[PDB]
Structures are given as C-alpha cells and as structure tokens.
Amino acid sequence: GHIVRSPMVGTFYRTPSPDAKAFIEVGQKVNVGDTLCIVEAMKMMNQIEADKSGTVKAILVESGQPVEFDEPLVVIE
Amino acid sequence: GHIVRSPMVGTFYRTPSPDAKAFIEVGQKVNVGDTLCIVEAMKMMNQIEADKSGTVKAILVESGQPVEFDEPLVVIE
Amino acid sequence: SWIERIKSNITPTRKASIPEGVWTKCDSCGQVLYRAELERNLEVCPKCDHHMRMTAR
Amino acid sequence: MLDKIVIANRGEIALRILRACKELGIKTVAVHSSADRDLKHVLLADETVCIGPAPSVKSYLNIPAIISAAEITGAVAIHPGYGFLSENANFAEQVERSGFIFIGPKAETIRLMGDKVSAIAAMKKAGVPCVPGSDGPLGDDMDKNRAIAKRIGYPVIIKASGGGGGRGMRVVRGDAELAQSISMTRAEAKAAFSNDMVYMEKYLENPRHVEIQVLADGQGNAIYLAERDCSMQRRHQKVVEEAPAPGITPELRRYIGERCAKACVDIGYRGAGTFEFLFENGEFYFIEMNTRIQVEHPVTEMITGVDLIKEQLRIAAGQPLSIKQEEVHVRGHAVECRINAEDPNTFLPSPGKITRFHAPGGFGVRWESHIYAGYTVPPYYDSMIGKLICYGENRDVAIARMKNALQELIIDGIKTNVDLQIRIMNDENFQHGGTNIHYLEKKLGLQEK
Amino acid sequence: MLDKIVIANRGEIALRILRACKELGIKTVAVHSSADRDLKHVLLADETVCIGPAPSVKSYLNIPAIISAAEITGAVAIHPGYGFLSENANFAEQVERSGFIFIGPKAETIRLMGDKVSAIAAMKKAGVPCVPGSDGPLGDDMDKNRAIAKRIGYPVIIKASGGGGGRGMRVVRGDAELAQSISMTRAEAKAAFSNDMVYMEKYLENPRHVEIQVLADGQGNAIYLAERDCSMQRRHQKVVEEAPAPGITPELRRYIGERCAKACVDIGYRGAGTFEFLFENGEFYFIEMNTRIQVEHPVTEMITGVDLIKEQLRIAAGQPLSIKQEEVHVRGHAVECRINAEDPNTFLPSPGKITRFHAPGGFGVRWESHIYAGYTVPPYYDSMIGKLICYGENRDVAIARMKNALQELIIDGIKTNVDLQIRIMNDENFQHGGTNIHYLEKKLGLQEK
C-alpha cells in the first residue's frame, strides 16, 4: 500500500509529550487527515500527516531513532 | 586454408639474392617441403618452410617489410 | 568494496545543545528561519513573503 | 582539534575534505541529496544524511537542513568547501550562533570582502593597489558615468559588486549603450545575486591573471604561499591553472606577499583566502577576494608541501599557524586541467552514465575526482567531474607529464572536454608561458562564411 | 641523449619507463610476448614488437630476439628495468658489442658484483663492512665448516653466491645436517642459477633491513640518495618498504653515504644501484648489491624529487651527474605496498580477468600499475600487478594515507593481497616503526591443534 515518509530530518518520536499517548496505533485503521508521529528538528516538534486512508499494516520505525527524507515510517494499506 | 607464419622477427625478403628469382609464385601450387620466403635477422638469411601442400591462394606480404612472430605471410589452400 | 555499501543508522543519541531562541517556523510555508534574521526583515518570512504578527511598539 | 565536522558540499571537494579528515583522524559526517546517494565520499563515510530532493534549492542550499544534520550527528564544526554556501555570510552567522564552528572567515569579513566595491575600498584603505574606477555604484546620470569613464579611460566594464561566478558583468565599448547596459546588468544582478548594486571600473585589454593564496589565523599571524596563474580562461572561468607564474621574480613575489600579509593583518582575516590581481608591466590590480578554499588549490600544495585543508582544520581548531614565512619554500611548478562533462564545443552539459574510467597515475600525477565505473552523472549540479595535476620540475616537464596523462586518461559514455585540453597543451604560446587572459578567446576565433 | 631506446621488460616497470621516455622526449620501442598483446604500455607505444610465444624462456629471455627487435627499429640503447635480463652480464656484453648502449653498469662490474662472494670481497677491499664468514665457497670437509661456523658464531646460513630472488639459500641450525643442507643448497643453485658455488656466512636473528640507493656516472662522480627500510618481508621478499628509516640520524646517514660513494668511485660503478646492508646497534653489514633499478624505487623519488629513470637515461647518454651531494635534500617520508594477484593466505597465483578497477588518487598517492578494466592477467609471469605509494610529511601521515587509499582501492575478479596489507597497516608495532625483518613471520604464527 502507501507508506508515509518524513519530509524532514531530525529526532523521531511517537508521543507529542514526554509522558503521553502515541498519535496512532498499529491495527486500527487511519484516515487521510491525521497526525501519526513527530519528527523534531531544532527543538521544534513538527507533525507528520498521512495522505491516504486505510488499515495500519505495520510500523517500521521506533521511538528516538533519527530518520531522514524519503524514509518509510508507517505502511498503510 | 593454412597460412604460413614467420617464427622469427626481422627483415623480410622474397629473393634470396639482391638480383634473383623469388622462391615461390602466386597461383601455381606448392608442396609440404619447400622454401617460400626469407626472414633475415642479424644479416643471417634464414628460410621459411611450409607444412601443408596446396594451391597458393594469395600472398599477404611485400618485400622489404619487417614481420614478426605469428604473422600470416602466405595462405595455402 | 565501498561501491556496494549499505546505509547504517546515525548515532541513536548524542547530546547536542543548540540555543533555544534562534529558530522559528512559518506555518504558511514550512521553511524554518533564523529568528534574528526574521526580526531584521520586519517580521516577514523571506521565503514565501507571508507577513506575521508584529508588536505595536 | 575539531572532534567531528560536516562536509557541507558535494563531489570532488567533498571527497578531498573526507580524505583530509581521515588523515587527521577527524571523524566524518556526510550530507547529500537523494540523487547523489552513490557519491564516492558518501559511500566512504561513517554517517550519511540526506537533506533534500534532487534540486539544489531544496537540498544543498537548505541551511536549516544542514544545521539539523549537524545537530543530530553531534558535530562541532562544518566545512563548506567551495561553491554553494562557501561565501554565504548569513550562513556563517547562523552557524556561529547555532552553537557550532564555521571553518572559514568570520561573517563580518565575509560581508566586507564578498561585496566587490567594499573589498576594493578596504584594499585601498590597506594600501593594496586597485583598479582606478568609480569606487561606488553609479546612478542614472549618463553624463556622470561618461565623465568617470573618460577620467579612468575607455573601455570600461560594469560588474555586479555582489556578483560572481563569471556572470553578472557587462563590458561597455561606448556611450551609445552605457545606460541600457548598466540597467540590464543591474537586472541580471537582481535575478542572480539578490543585489542591484553595480559599479564602473577601468577595463583592460591585455591582462595576466595573477592571484596569491594566503593564510592567517586571525591572531596577528599572516603567511603567504606561492602565486598562481590562470591565463587560460573561458567565459571568465578558469580551465588551466599553473603555479608559480612565469616572469614573477622572487623580488616581486616577496614584495606582493608582504603587502597581502599586511592586508590580512589589518582586516583581521581568518581561514584560507586568495587575493586576485591583474598583472601588466609590473602593476598589480586587486579586483576580488575569494574567502574560501579555491578550486585550484592543488597547484599550491604540490609546490610547497603544505596541505591547505589541514591548515584550515587546524586554524578552525584555534591552533596558531605552525608554519612561518621563512618555513615556506617554493620548489617546483605545476599545471592543472579541469575535466567537465559538458559538450566539447557547444558547452552543453552531457549527464548520463559512465561506462569506462581509468586514472592516469605516475610520478607527479594527482587525480582528484569521484567518478567511477557505473557512476551516473546527475543532471542537477555543476558540470565538473574532476581535477587533474601533473607536478614537474619545470614548466616543460609538467606540460609533458600532462600530455602523457591525458593520453592515458580515458572517460567514456559521456562528452568530455579532454580534446580541448589536448589542443591547449599542444599550443606553442601556451607551452611558452605568459599568454594573456583572452588568449583562449583569440584561439577560439569566430564565425565563418 | 639517447634518440630511441627499447623497453626490455614488461608490465609495471615497462609502463613507468615508457612514461619517463615520453617525458624526456625519447621515442618508444615496445617489445612484448604473444600473450601480453594488450599491455597498457604496449598499447601506449609507437612501435610494438612480438618476440616469442607465451613462455618466458622463448619470448623475454630470448636475447637474440631482443637484439633483432633493437636492430629493426633503429634504437641506439636498451633499458632492461628490473627482473629478466636486469643482471645478465653476458646480455650487457652482447648489447655493448652488438652496436647499442646498455642502460646500466658495465658487464665487468656486473660480473664482479652479482656474484655475492666476489661482491663481499670487493666491499671489504673498499673498506665497506661485511658479515664475517667463510669469505669463500667451502668444500666437503665438515670439520672445516664447523670450525669456521664456531669462529663466526652459530647459527650460520648457506647462500648461493650466484643466487637471488629469495631462493637458493638454506639456514643451518647445527652440524647434524650441515653437509646435507650444503649439498642440497648447491643442487638448488645448480637447478636455478647455473652455478654450484655456495658459501657460509654468519646468521643473525634480529636484523633490520637497511639499504642505500646510490648513483654514479663512472667519471669520478658518486652521489647517494636517502636510505630505505623493508622490514616487512615475506619469504625474504619485500612487501612493505619505507624511506628514510626510523632511528637513522643524519650523522649515520652521511657517514654511510660517504662510504658508499667511495665504494662506487673505487669500483668505477655506472648506473643506478643500491648497497644492501644489515642494521643492528649501529653496525651495517653489506650482503649484496642490486645493479639495476630496484622495484621499490618510488619511495626514494618522492622524498628527494629526483627521478631515477631520468638519471639513468641521462647517465647512459654520457651526460655527467647534474646533481651534487649538497643538492640532494631529504624532505619527508614514504610507504609502499605492492599489490599481487596471489592467494592472500596460501600464496598461490590467481590469474584471470579483472572486472572492476579503481585507482585511489588523492594528495600524495601515486599508483604504479598497468591493470585496467577487462585486462586479463596472464598465468605466465610474476604475480605483481601494481605498486602503491602514499607520500606524507611523517610516518603516521603516510600510514593514514595508505589506509585511506587501501579503503578506496578496489580490485575485483581475482584474489589480491590487499587484506594482508590492511592487517599490516593496522599493526601497532608496524605503525611505531622499527620492527625486525622476521616481525612479519612472528605475526604469521604457526599451525594449530
């Protein structure tokens, strides 16, 4: 299916706060307009938005691991 | 067919003497045991002998032009 | 054979300390900018030329 | 010493910086685009970061992306090299304030020297000779412009003070088109360098491009290396350099080196820079200063034994100059011939895939490039695909070695400017040494019936 | 000046000589075999001559064929290089009498110096220190042999005086096998070098291979360049050289250079030669002289700027030495790591076809080889496929540059000894500088349970 990729380079996270809930969950489907993860750069936490609706097939990333441009983060079927 | 090649490197000639007749002639066939040309080296004119009998198809060399090892000189069919 | 080399991940954690008050964001375009530069440009995002808030004084 | 730096560039200079870093024991950070994911230096680096898509504006001119990459990897300095962000003063200011170290001049000196009119004014303030001219951007009065031109002497040229890269300058032959030429040059400067400032300077017809490389740590120390000579220029861009230059006796060499050192001391310069000049009958005319590692840097290393990038990395680390004026020795001669993937005649870039590559090798041959078998040349950046040097004992030996290397050198699959290099080498005036800057254009000729 | 010479060799040294000839303006004559019809230097030559089939005995050791090729092409001199006919005194005599010029020592000196016992006797006559020993081939009396061995001190070694190439010599540990070892060494010398003369010499356990390159024109002029050090030997054959050597202060350098120059003057030497030695606690022991261009010649050019092949071509042309003793300057350090197509561990040659080749390049890297993409390595000659140098400012810089180049260097399709080179570079004792000759063998180790 479609896999979301971070358009920027920086620290990766899943909870917008140090102690909070992740934006999305594996399994349960997500829609076109939704925030899925945070790719922080220069201490400015920006949001990552998908573009297609579907079931969350799997999550290919882990919290705290930096990623870059064109990096497949989460696959959506 | 079979083409005779000089086993040495040096000056090439066709007449054994400065004014004489060439050993062989184009056209008329030649036998296994015969001298066909001279490949002189260090002022010691050595003879070139074929190994197969047949008709002289063509002569691929010209007098006074140095040749080397594995150089096709005259083709015999 | 460095010609055929895979890309390993960057170091998982390194302590980097950029000063906090030297970067902003423009939601209109998304280009991160230098705060002092923007303040010297009369609060105009130089990339997309989208005006922002400015103090009355 | 800088524990780990960032190669804020791509290609040949990136590979050269990577080799120098691995020599000095400094770790490596590779920043690249998505198209240049198979660069030689990228593959020969520990940490590779992709900071944008194919276009230059989104990937390599993306200062926020470079600073983000330098933050995530933990570097404490960044090397820009030449091109891209080499002379971006704002880039230097941001890197200084972002918490890292800029390998190069302080942003103040970048602002003062990059702008050509300010640089000329500062050089005159320091006593360095400069071309007589307007000494200031002119207005819309044609009478004032022609009066100044007659004062300095026709012909005259209009050059963008914030200009560079062989463009943004127009030569004026007469007053019949002076105003229109100035206006269109200002428009081109606006479209290229984001500055409308254009000035008038005396135009010469028979110059000899002479430039002097210098070094300074900003702590009262200023040393000058040997000279250079790029007489073979095409479209005001260099194709064949050489160092030291013919005719420049050591008396003049020391005489101008002392002045350049005094200028660096007065300006408080830091990093590696070169003071360009114009040479004629013993007169030098400063026109510009390149506050970066110049592309034709090798022709100074091989004639002095001093590695420029090592000098920059030591200076940026705060160490004082380890080499004094008397400890610099000029021993030899050199020639350099860039290799570009352009069309030999029409000068159209010819990107694609390289099929067969083979370095020259040999005594005195130093082949600086990243191209390799199967390397696909991207149609997105400059057309340079490698530098080539042949250090000899005299100019004739260097020319002979260059001819031999060019015979040995083989690049197949794309169009290359090797044929023009061979033709330049075969020229008698070129082999004699001391041709004028336009010599190349005179050899170019013109249209035919 | 020699108008046109003949490259009486093949491969890397052939290419190097070809480049030097094209530099000096001397035309080229290429002599090759039928298997080596796609050599780099053969393709880069005006005149190519094939003088035999694949085997070495019929093609390159065919002195009549070489002289015939030199007669047909009109040459007036021949360069043998190293290997093959480098030290064949009879070859020199025939070339001298055939009407051409031999680039190298006179055949008389070749006879006097190639035979090891005569060379040692002549060196002792000239005052150069030598290893105490038999000073003459011994007979069939075991009592005399053991008496001499006790006089010099065990252990002892038997070496073929006409021997060379890392073979034809056996080390003796005790008298229980002395006679048998001497007889079998004599048999091996008969089978290899057509001479039964074998002698006894004192055997050392902790030596340091030190050799000095020298030049002389045979006209009362004798100059010595810097030293060398090949401590990393495998099977008595060199794999990693370096020059100058650690610990050899300039006092000792001048002290031994003056003696070597006096020896060259006394012998009336001509051409390029090197006086090998053995170093321990300040004592030098001459063991052999190589009257040819040594393979590890680059590590002396780059630290002095003097091209050895140019020196040989000028001396053979009759020109006097253009460089004096004070005009030789030692400036730097060097490392060289040969590349061979053998098996990395079992040392079995692995000929075939090369698929991917890529030179290192960079500042101070000089890659001497003829291999290229698609070049088929012939299974007929020596396993060397290239030399590699990395000239630095100190030993550590050179080692770092060599490591970087070896990382960059890529040879695929056949087995290469690059891995062993990397392991040698990574060794701490090797990076320290000053290891013993057997160090490599100690690192080799032995069998396992």
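Each chain carries a letter (A, B, C, D and E) given by its place in the written order, and its residues are counted from 1.
Note that a residue touches a chain if its C-beta (ideal position, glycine included) is under 8 Å from a C-beta of that chain, and two chains touch if they have at least 3 such contacts.
This structure's chain pair with the greatest number of C-beta contacts is D-E.
With respect to chain D, maximal separation of chain centres occurs for B (centres as means of Cα atoms).
Chain centres here are Cα means. That of chain B falls 84 Å from that of chain C. Distance between chain centres (mean CA atoms), chain C to chain E: 61 Å. Per-chain Cα centroids separate chain C from chain D by 29 Å. Chain B and chain E have CA centres that are 43 Å apart. Residues of chain C found to touch two or more other chains are 2-3, 10, 18, 23, 32. The residues of chain D that reach two or more other chains are 40, 44, 49, 64, 67, 71-72, 372, listed in rising order. For chain A, residues that reach two or more other chains under the stated contact definition are 41-42, 66.
By the definition given earlier, chain contacts exist for A-C, A-D, B-E, C-D, C-E, D-E. Across the complex, chain A meets chain C through its residues 41-44, 46, 64-66. Contact residues of chain C toward chain D in the complex are 2-3, 5, 7, 10-11, 14-19, 22-23, 31-34, 36-37. If you check the complex, the residues on chain A that touch chain D are 8-11, 41-42, 66, 68-70.
Put simply, chain D touches chain A in their complex at residues 34, 49-53, 64-65, 67-69, 71-72. Contacts from chain D toward chain C in the complex involve residues 40, 43-44, 47-49, 64, 67, 71-74, 90, 94, 97-99, 372, 374.
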